[PDB]
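Pasting query-v9.pdb here (PDB, N, CA and C atoms):
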ATOM      1  N   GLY A   1     -15.493  12.452   8.561
ATOM      2  CA  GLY A   1     -16.755  12.130   9.204
ATOM      3  C   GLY A   1     -17.921  12.264   8.222
ATOM      4  N   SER A   2     -18.274  11.141   7.614
ATOM      5  CA  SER A   2     -19.365  11.120   6.656
ATOM      6  C   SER A   2     -20.404  10.074   7.068
ATOM      7  N   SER A   3     -21.662  10.408   6.823
ATOM      8  CA  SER A   3     -22.754   9.512   7.163
ATOM      9  C   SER A   3     -23.342   8.897   5.891
ATOM     10  N   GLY A   4     -23.599   7.600   5.963
ATOM     11  CA  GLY A   4     -24.159   6.884   4.829
ATOM     12  C   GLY A   4     -23.085   6.068   4.110
ATOM     13  N   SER A   5     -22.194   6.783   3.437
ATOM     14  CA  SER A   5     -21.115   6.140   2.707
ATOM     15  C   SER A   5     -20.198   5.392   3.677
ATOM     16  N   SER A   6     -19.868   4.166   3.301
ATOM     17  CA  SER A   6     -19.003   3.338   4.125
ATOM     18  C   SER A   6     -17.608   3.258   3.503
ATOM     19  N   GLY A   7     -16.621   3.669   4.284
ATOM     20  CA  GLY A   7     -15.243   3.648   3.823
ATOM     21  C   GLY A   7     -14.637   2.251   3.969
ATOM     22  N   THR A   8     -13.540   2.039   3.257
ATOM     23  CA  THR A   8     -12.857   0.757   3.298
ATOM     24  C   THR A   8     -11.468   0.913   3.922
ATOM     25  N   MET A   9     -11.149  -0.012   4.814
ATOM     26  CA  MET A   9      -9.861   0.011   5.487
ATOM     27  C   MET A   9      -9.155  -1.341   5.366
ATOM     28  N   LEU A  10      -7.857  -1.275   5.113
ATOM     29  CA  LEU A  10      -7.059  -2.480   4.973
ATOM     30  C   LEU A  10      -5.908  -2.446   5.980
ATOM     31  N   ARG A  11      -5.416  -3.631   6.310
ATOM     32  CA  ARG A  11      -4.320  -3.750   7.257
ATOM     33  C   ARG A  11      -3.029  -4.128   6.529
ATOM     34  N   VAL A  12      -2.140  -3.151   6.421
ATOM     35  CA  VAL A  12      -0.867  -3.367   5.754
ATOM     36  C   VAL A  12       0.207  -3.672   6.800
ATOM     37  N   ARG A  13       1.162  -4.497   6.397
ATOM     38  CA  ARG A  13       2.248  -4.875   7.286
ATOM     39  C   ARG A  13       3.589  -4.409   6.714
ATOM     40  N   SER A  14       4.301  -3.634   7.518
ATOM     41  CA  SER A  14       5.595  -3.118   7.105
ATOM     42  C   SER A  14       6.676  -3.568   8.091
ATOM     43  N   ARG A  15       7.916  -3.261   7.740
ATOM     44  CA  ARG A  15       9.043  -3.626   8.581
ATOM     45  C   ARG A  15       9.061  -2.769   9.848
ATOM     46  N   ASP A  16       8.499  -1.575   9.724
ATOM     47  CA  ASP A  16       8.444  -0.654  10.846
ATOM     48  C   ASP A  16       7.318  -1.076  11.792
ATOM     49  N   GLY A  17       6.302  -1.697  11.210
ATOM     50  CA  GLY A  17       5.161  -2.154  11.986
ATOM     51  C   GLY A  17       3.911  -2.267  11.109
ATOM     52  N   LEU A  18       2.885  -2.885  11.675
ATOM     53  CA  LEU A  18       1.633  -3.064  10.959
ATOM     54  C   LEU A  18       0.913  -1.718  10.855
ATOM     55  N   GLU A  19       0.594  -1.347   9.624
ATOM     56  CA  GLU A  19      -0.094  -0.092   9.375
ATOM     57  C   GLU A  19      -1.414  -0.345   8.645
ATOM     58  N   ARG A  20      -2.233   0.695   8.591
ATOM     59  CA  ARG A  20      -3.522   0.599   7.929
ATOM     60  C   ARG A  20      -3.718   1.779   6.976
ATOM     61  N   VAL A  21      -4.447   1.516   5.901
ATOM     62  CA  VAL A  21      -4.715   2.543   4.908
ATOM     63  C   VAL A  21      -6.189   2.482   4.503
ATOM     64  N   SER A  22      -6.721   3.643   4.153
ATOM     65  CA  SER A  22      -8.113   3.735   3.745
ATOM     66  C   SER A  22      -8.215   3.686   2.219
ATOM     67  N   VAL A  23      -9.142   2.865   1.746
ATOM     68  CA  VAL A  23      -9.350   2.717   0.316
ATOM     69  C   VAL A  23     -10.829   2.945  -0.006
ATOM     70  N   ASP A  24     -11.178   2.675  -1.255
ATOM     71  CA  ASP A  24     -12.551   2.845  -1.702
ATOM     72  C   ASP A  24     -13.179   1.471  -1.936
ATOM     73  N   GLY A  25     -12.469   0.652  -2.699
ATOM     74  CA  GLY A  25     -12.944  -0.686  -3.006
ATOM     75  C   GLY A  25     -12.074  -1.344  -4.078
ATOM     76  N   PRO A  26     -12.644  -2.405  -4.710
ATOM     77  CA  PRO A  26     -11.933  -3.127  -5.752
ATOM     78  C   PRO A  26     -11.902  -2.323  -7.053
ATOM     79  N   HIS A  27     -12.883  -1.442  -7.190
ATOM     80  CA  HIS A  27     -12.979  -0.609  -8.376
ATOM     81  C   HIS A  27     -11.682   0.183  -8.555
ATOM     82  N   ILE A  28     -10.920   0.259  -7.474
ATOM     83  CA  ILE A  28      -9.659   0.980  -7.497
ATOM     84  C   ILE A  28      -8.546   0.035  -7.953
ATOM     85  N   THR A  29      -7.533   0.622  -8.575
ATOM     86  CA  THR A  29      -6.405  -0.152  -9.063
ATOM     87  C   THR A  29      -5.164   0.114  -8.207
ATOM     88  N   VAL A  30      -4.164  -0.734  -8.392
ATOM     89  CA  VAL A  30      -2.923  -0.603  -7.646
ATOM     90  C   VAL A  30      -2.446   0.850  -7.712
ATOM     91  N   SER A  31      -2.645   1.452  -8.875
ATOM     92  CA  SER A  31      -2.240   2.833  -9.081
ATOM     93  C   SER A  31      -2.896   3.732  -8.030
ATOM     94  N   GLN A  32      -4.181   3.495  -7.813
ATOM     95  CA  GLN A  32      -4.931   4.272  -6.840
ATOM     96  C   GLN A  32      -4.527   3.876  -5.419
ATOM     97  N   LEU A  33      -4.194   2.604  -5.265
ATOM     98  CA  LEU A  33      -3.789   2.087  -3.969
ATOM     99  C   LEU A  33      -2.497   2.778  -3.529
ATOM    100  N   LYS A  34      -1.422   2.455  -4.234
ATOM    101  CA  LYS A  34      -0.125   3.035  -3.929
ATOM    102  C   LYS A  34      -0.296   4.525  -3.625
ATOM    103  N   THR A  35      -1.057   5.186  -4.484
ATOM    104  CA  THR A  35      -1.307   6.609  -4.320
ATOM    105  C   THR A  35      -1.853   6.897  -2.921
ATOM    106  N   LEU A  36      -2.798   6.064  -2.508
ATOM    107  CA  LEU A  36      -3.410   6.218  -1.197
ATOM    108  C   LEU A  36      -2.327   6.121  -0.121
ATOM    109  N   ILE A  37      -1.558   5.046  -0.194
ATOM    110  CA  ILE A  37      -0.488   4.823   0.764
ATOM    111  C   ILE A  37       0.600   5.879   0.561
ATOM    112  N   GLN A  38       0.621   6.438  -0.640
ATOM    113  CA  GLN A  38       1.601   7.457  -0.973
ATOM    114  C   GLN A  38       1.192   8.804  -0.375
ATOM    115  N   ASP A  39      -0.112   8.971  -0.211
ATOM    116  CA  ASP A  39      -0.645  10.202   0.349
ATOM    117  C   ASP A  39      -0.855  10.024   1.854
ATOM    118  N   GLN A  40      -0.816   8.771   2.281
ATOM    119  CA  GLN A  40      -0.999   8.452   3.686
ATOM    120  C   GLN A  40       0.347   8.130   4.339
ATOM    121  N   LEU A  41       0.986   7.093   3.820
ATOM    122  CA  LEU A  41       2.276   6.672   4.339
ATOM    123  C   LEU A  41       3.363   7.611   3.813
ATOM    124  N   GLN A  42       2.952   8.499   2.920
ATOM    125  CA  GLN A  42       3.877   9.455   2.334
ATOM    126  C   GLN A  42       5.037   8.723   1.656
ATOM    127  N   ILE A  43       4.728   7.546   1.134
ATOM    128  CA  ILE A  43       5.731   6.740   0.459
ATOM    129  C   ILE A  43       5.539   6.857  -1.055
ATOM    130  N   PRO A  44       6.688   6.869  -1.781
ATOM    131  CA  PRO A  44       6.656   6.977  -3.229
ATOM    132  C   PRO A  44       6.228   5.654  -3.868
ATOM    133  N   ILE A  45       5.485   5.774  -4.958
ATOM    134  CA  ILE A  45       5.005   4.602  -5.670
ATOM    135  C   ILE A  45       6.193   3.870  -6.298
ATOM    136  N   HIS A  46       7.210   4.646  -6.642
ATOM    137  CA  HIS A  46       8.406   4.088  -7.250
ATOM    138  C   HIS A  46       9.180   3.278  -6.208
ATOM    139  N   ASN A  47       8.707   3.355  -4.973
ATOM    140  CA  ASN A  47       9.343   2.638  -3.882
ATOM    141  C   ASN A  47       8.353   1.629  -3.295
ATOM    142  N   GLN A  48       7.111   2.073  -3.168
ATOM    143  CA  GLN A  48       6.064   1.223  -2.625
ATOM    144  C   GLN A  48       6.118  -0.163  -3.271
ATOM    145  N   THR A  49       5.998  -1.178  -2.429
ATOM    146  CA  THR A  49       6.030  -2.551  -2.901
ATOM    147  C   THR A  49       4.918  -3.369  -2.243
ATOM    148  N   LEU A  50       3.856  -3.585  -3.006
ATOM    149  CA  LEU A  50       2.722  -4.346  -2.510
ATOM    150  C   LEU A  50       2.978  -5.839  -2.733
ATOM    151  N   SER A  51       2.550  -6.632  -1.762
ATOM    152  CA  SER A  51       2.725  -8.072  -1.840
ATOM    153  C   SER A  51       1.805  -8.767  -0.835
ATOM    154  N   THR A  52       1.152  -9.818  -1.307
ATOM    155  CA  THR A  52       0.242 -10.575  -0.465
ATOM    156  C   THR A  52       0.987 -11.717   0.233
ATOM    157  N   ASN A  53       2.258 -11.469   0.509
ATOM    158  CA  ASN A  53       3.088 -12.461   1.171
ATOM    159  C   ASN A  53       3.981 -11.769   2.201
ATOM    160  N   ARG A  54       4.095 -12.402   3.359
ATOM    161  CA  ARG A  54       4.913 -11.860   4.432
ATOM    162  C   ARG A  54       6.397 -11.984   4.082
ATOM    163  N   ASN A  55       6.662 -12.729   3.019
ATOM    164  CA  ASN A  55       8.028 -12.935   2.571
ATOM    165  C   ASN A  55       8.607 -11.605   2.084
ATOM    166  N   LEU A  56       7.718 -10.638   1.910
ATOM    167  CA  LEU A  56       8.125  -9.321   1.450
ATOM    168  C   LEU A  56       8.961  -8.643   2.538
ATOM    169  N   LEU A  57       8.631  -8.966   3.780
ATOM    170  CA  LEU A  57       9.340  -8.396   4.914
ATOM    171  C   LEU A  57      10.737  -9.015   5.000
ATOM    172  N   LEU A  58      10.968  -9.997   4.140
ATOM    173  CA  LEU A  58      12.252 -10.677   4.109
ATOM    174  C   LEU A  58      13.170  -9.976   3.105
ATOM    175  N   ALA A  59      12.590  -9.620   1.968
ATOM    176  CA  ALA A  59      13.342  -8.945   0.924
ATOM    177  C   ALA A  59      14.045  -7.722   1.516
ATOM    178  N   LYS A  60      15.364  -7.717   1.386
ATOM    179  CA  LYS A  60      16.163  -6.619   1.902
ATOM    180  C   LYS A  60      16.744  -5.824   0.730
ATOM    181  N   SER A  61      16.953  -6.526  -0.374
ATOM    182  CA  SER A  61      17.502  -5.900  -1.565
ATOM    183  C   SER A  61      16.373  -5.517  -2.522
ATOM    184  N   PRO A  62      16.764  -4.827  -3.626
ATOM    185  CA  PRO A  62      15.798  -4.397  -4.622
ATOM    186  C   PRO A  62      15.334  -5.576  -5.481
ATOM    187  N   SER A  63      16.304  -6.366  -5.919
ATOM    188  CA  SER A  63      16.010  -7.524  -6.745
ATOM    189  C   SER A  63      15.028  -8.447  -6.022
ATOM    190  N   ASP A  64      15.235  -8.575  -4.719
ATOM    191  CA  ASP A  64      14.378  -9.420  -3.905
ATOM    192  C   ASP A  64      12.923  -8.983  -4.080
ATOM    193  N   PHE A  65      12.710  -7.681  -3.959
ATOM    194  CA  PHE A  65      11.376  -7.124  -4.101
ATOM    195  C   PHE A  65      10.816  -7.392  -5.499
ATOM    196  N   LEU A  66      11.726  -7.497  -6.457
ATOM    197  CA  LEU A  66      11.337  -7.752  -7.833
ATOM    198  C   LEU A  66      10.734  -9.155  -7.938
ATOM    199  N   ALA A  67      10.894  -9.914  -6.864
ATOM    200  CA  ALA A  67      10.372 -11.270  -6.822
ATOM    201  C   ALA A  67       8.848 -11.221  -6.709
ATOM    202  N   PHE A  68       8.367 -10.167  -6.066
ATOM    203  CA  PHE A  68       6.937  -9.991  -5.883
ATOM    204  C   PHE A  68       6.354  -9.075  -6.962
ATOM    205  N   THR A  69       5.746  -9.701  -7.958
ATOM    206  CA  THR A  69       5.146  -8.957  -9.054
ATOM    207  C   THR A  69       3.670  -9.329  -9.205
ATOM    208  N   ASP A  70       2.945  -9.205  -8.102
ATOM    209  CA  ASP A  70       1.528  -9.522  -8.098
ATOM    210  C   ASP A  70       0.718  -8.225  -8.131
ATOM    211  N   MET A  71       1.254  -7.214  -7.463
ATOM    212  CA  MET A  71       0.595  -5.920  -7.408
ATOM    213  C   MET A  71       1.522  -4.811  -7.908
ATOM    214  N   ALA A  72       2.174  -5.087  -9.028
ATOM    215  CA  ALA A  72       3.089  -4.125  -9.618
ATOM    216  C   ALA A  72       2.351  -3.315 -10.685
ATOM    217  N   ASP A  73       1.464  -3.997 -11.394
ATOM    218  CA  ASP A  73       0.690  -3.355 -12.442
ATOM    219  C   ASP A  73      -0.238  -2.311 -11.818
ATOM    220  N   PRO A  74      -0.104  -1.053 -12.317
ATOM    221  CA  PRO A  74      -0.920   0.041 -11.817
ATOM    222  C   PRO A  74      -2.352  -0.056 -12.350
ATOM    223  N   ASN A  75      -2.509  -0.863 -13.389
ATOM    224  CA  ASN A  75      -3.814  -1.052 -13.999
ATOM    225  C   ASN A  75      -4.499  -2.264 -13.363
ATOM    226  N   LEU A  76      -3.742  -2.962 -12.529
ATOM    227  CA  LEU A  76      -4.261  -4.138 -11.853
ATOM    228  C   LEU A  76      -5.188  -3.700 -10.717
ATOM    229  N   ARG A  77      -6.243  -4.479 -10.524
ATOM    230  CA  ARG A  77      -7.208  -4.184  -9.478
ATOM    231  C   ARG A  77      -6.970  -5.085  -8.266
ATOM    232  N   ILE A  78      -7.259  -4.537  -7.095
ATOM    233  CA  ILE A  78      -7.082  -5.277  -5.857
ATOM    234  C   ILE A  78      -7.971  -6.522  -5.881
ATOM    235  N   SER A  79      -9.025  -6.442  -6.680
ATOM    236  CA  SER A  79      -9.957  -7.550  -6.802
ATOM    237  C   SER A  79      -9.209  -8.822  -7.209
ATOM    238  N   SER A  80      -8.028  -8.620  -7.773
ATOM    239  CA  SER A  80      -7.206  -9.736  -8.209
ATOM    240  C   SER A  80      -6.885 -10.646  -7.022
ATOM    241  N   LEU A  81      -6.727 -10.020  -5.865
ATOM    242  CA  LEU A  81      -6.418 -10.758  -4.652
ATOM    243  C   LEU A  81      -7.668 -10.828  -3.771
ATOM    244  N   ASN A  82      -8.613  -9.947  -4.069
ATOM    245  CA  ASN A  82      -9.854  -9.899  -3.316
ATOM    246  C   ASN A  82      -9.567  -9.402  -1.898
ATOM    247  N   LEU A  83      -9.330  -8.102  -1.798
ATOM    248  CA  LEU A  83      -9.041  -7.491  -0.510
ATOM    249  C   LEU A  83     -10.308  -6.823   0.027
ATOM    250  N   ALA A  84     -10.757  -7.315   1.172
ATOM    251  CA  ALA A  84     -11.951  -6.777   1.801
ATOM    252  C   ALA A  84     -11.560  -6.038   3.081
ATOM    253  N   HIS A  85     -12.535  -5.339   3.645
ATOM    254  CA  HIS A  85     -12.306  -4.586   4.867
ATOM    255  C   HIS A  85     -11.882  -5.540   5.985
ATOM    256  N   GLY A  86     -10.589  -5.827   6.017
ATOM    257  CA  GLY A  86     -10.044  -6.719   7.025
ATOM    258  C   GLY A  86      -8.815  -7.460   6.496
ATOM    259  N   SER A  87      -8.860  -7.772   5.209
ATOM    260  CA  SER A  87      -7.761  -8.476   4.571
ATOM    261  C   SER A  87      -6.425  -7.913   5.058
ATOM    262  N   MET A  88      -5.373  -8.683   4.823
ATOM    263  CA  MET A  88      -4.040  -8.273   5.231
ATOM    264  C   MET A  88      -3.123  -8.106   4.018
ATOM    265  N   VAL A  89      -2.151  -7.217   4.168
ATOM    266  CA  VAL A  89      -1.204  -6.955   3.098
ATOM    267  C   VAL A  89       0.142  -6.552   3.702
ATOM    268  N   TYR A  90       1.171  -6.615   2.868
ATOM    269  CA  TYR A  90       2.511  -6.261   3.305
ATOM    270  C   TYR A  90       3.117  -5.186   2.401
ATOM    271  N   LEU A  91       3.538  -4.097   3.028
ATOM    272  CA  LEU A  91       4.135  -2.995   2.295
ATOM    273  C   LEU A  91       5.659  -3.095   2.384
ATOM    274  N   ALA A  92       6.317  -2.511   1.395
ATOM    275  CA  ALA A  92       7.769  -2.527   1.350
ATOM    276  C   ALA A  92       8.262  -1.365   0.483
ATOM    277  N   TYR A  93       9.048  -0.498   1.103
ATOM    278  CA  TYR A  93       9.589   0.654   0.404
ATOM    279  C   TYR A  93      11.086   0.810   0.680
ATOM    280  N   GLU A  94      11.758   1.482  -0.243
ATOM    281  CA  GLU A  94      13.188   1.706  -0.113
ATOM    282  C   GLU A  94      13.456   3.097   0.465
ATOM    283  N   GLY A  95      14.538   3.189   1.224
ATOM    284  CA  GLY A  95      14.916   4.451   1.839
ATOM    285  C   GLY A  95      13.951   4.821   2.966
ATOM    286  N   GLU A  96      13.305   5.966   2.798
ATOM    287  CA  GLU A  96      12.356   6.443   3.789
ATOM    288  C   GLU A  96      11.156   7.100   3.103
ATOM    289  N   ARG A  97      10.270   7.643   3.924
ATOM    290  CA  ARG A  97       9.080   8.302   3.412
ATOM    291  C   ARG A  97       9.397   9.749   3.031
ATOM    292  N   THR A  98       8.338  10.532   2.877
ATOM    293  CA  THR A  98       8.489  11.932   2.516
ATOM    294  C   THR A  98       7.819  12.826   3.560
ATOM    295  N   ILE A  99       7.632  14.082   3.183
ATOM    296  CA  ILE A  99       7.006  15.045   4.073
ATOM    297  C   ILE A  99       5.561  15.281   3.629
ATOM    298  N   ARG A 100       4.667  15.281   4.607
ATOM    299  CA  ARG A 100       3.256  15.492   4.331
ATOM    300  C   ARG A 100       2.950  16.990   4.246
ATOM    301  N   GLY A 101       1.716  17.288   3.870
ATOM    302  CA  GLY A 101       1.285  18.670   3.745
ATOM    303  C   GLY A 101      -0.073  18.761   3.048
ATOM    304  N   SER A 102      -0.907  19.655   3.560
ATOM    305  CA  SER A 102      -2.233  19.849   2.997
ATOM    306  C   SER A 102      -2.876  21.103   3.594
ATOM    307  N   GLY A 103      -3.503  21.879   2.722
ATOM    308  CA  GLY A 103      -4.159  23.103   3.149
ATOM    309  C   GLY A 103      -5.492  23.293   2.421
ATOM    310  N   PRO A 104      -6.585  22.856   3.102
ATOM    311  CA  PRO A 104      -7.917  22.972   2.533
ATOM    312  C   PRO A 104      -8.414  24.418   2.590
ATOM    313  N   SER A 105      -8.762  24.938   1.423
ATOM    314  CA  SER A 105      -9.253  26.303   1.328
ATOM    315  C   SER A 105     -10.420  26.372   0.341
ATOM    316  N   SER A 106     -11.464  27.072   0.756
ATOM    317  CA  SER A 106     -12.645  27.222  -0.077
ATOM    318  C   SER A 106     -12.547  28.511  -0.896
ATOM    319  N   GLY A 107     -12.427  28.337  -2.204
ATOM    320  CA  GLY A 107     -12.323  29.472  -3.104
ATOM    321  C   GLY A 107     -13.593  29.623  -3.945
TER     322      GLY A 107
END
Could you show the structure in this file as structure tokens?
Amino acid sequence: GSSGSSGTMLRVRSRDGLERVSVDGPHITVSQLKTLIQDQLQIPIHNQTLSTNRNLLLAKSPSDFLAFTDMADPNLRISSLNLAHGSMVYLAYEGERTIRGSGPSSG
């Protein structure tokens, strides 16, 4: 809950269902993106598979996912596809997610 600063939200599509993740902007790179979804969806970047095509939901094998190499570069910026607060995306990961956890403490 912050006032003034406007957060960015994107609509990701997975095999489990359409999900959403919070981002900052284009200034962020795939590395930061995956990380976000990695800290949100609790999915590993080594598994996370970004793709601006619904055909990603088709890929069942690993090689198939290798077909989508648009957002593989961690140095690549989302600006490459121009994702705005509303744009759509498709996520794809192997296996399952992980376990979340966080403990905010003021030291």
**Q.** the PyMOL selection byres ((chain A and resi 79-95) around 7) applied to the shown file, residues as a list in words
**A.**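 What the PyMOL selection byres ((chain A and resi 79-95) around 7) grabs from the file is residues 8, 9, 10, 11, 12, 13, 14, 15, 25, 26, 27, 28, 46, 47, 48, 49, 50, 51, 52, 53, 54, 56, 57, 76, 77, 78, 96 and 97 of chain A.
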Q | For residue 100 of chain A: contacts at 9 Å, only C-alpha atoms, fewer than 6 positions along chain excluded, given as a list in words | A |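 Non-adjacent residues within range: residues 39, 40, 41 and 42 of chain A.
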Q. So how far away is atom CA of residue 98 of chain A from atom CA of residue 71 of chain A, in Å?
A.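 So the two atoms, atom CA of residue 71 of chain A and atom CA of residue 98 of chain A, lie 21.9 Å apart.
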Q) What is the atom CA of residue 4 of chain A to atom CA of residue 34 of chain A distance in Å? A) 25.9 Å
(Q) I need the strand (DSSP E) residues of chain A per DSSP on the backbone, written as JSON, numbers by chain. (A) {"A": [8, 9, 10, 11, 12, 13, 18, 19, 20, 21, 22, 23, 88, 89, 90]}
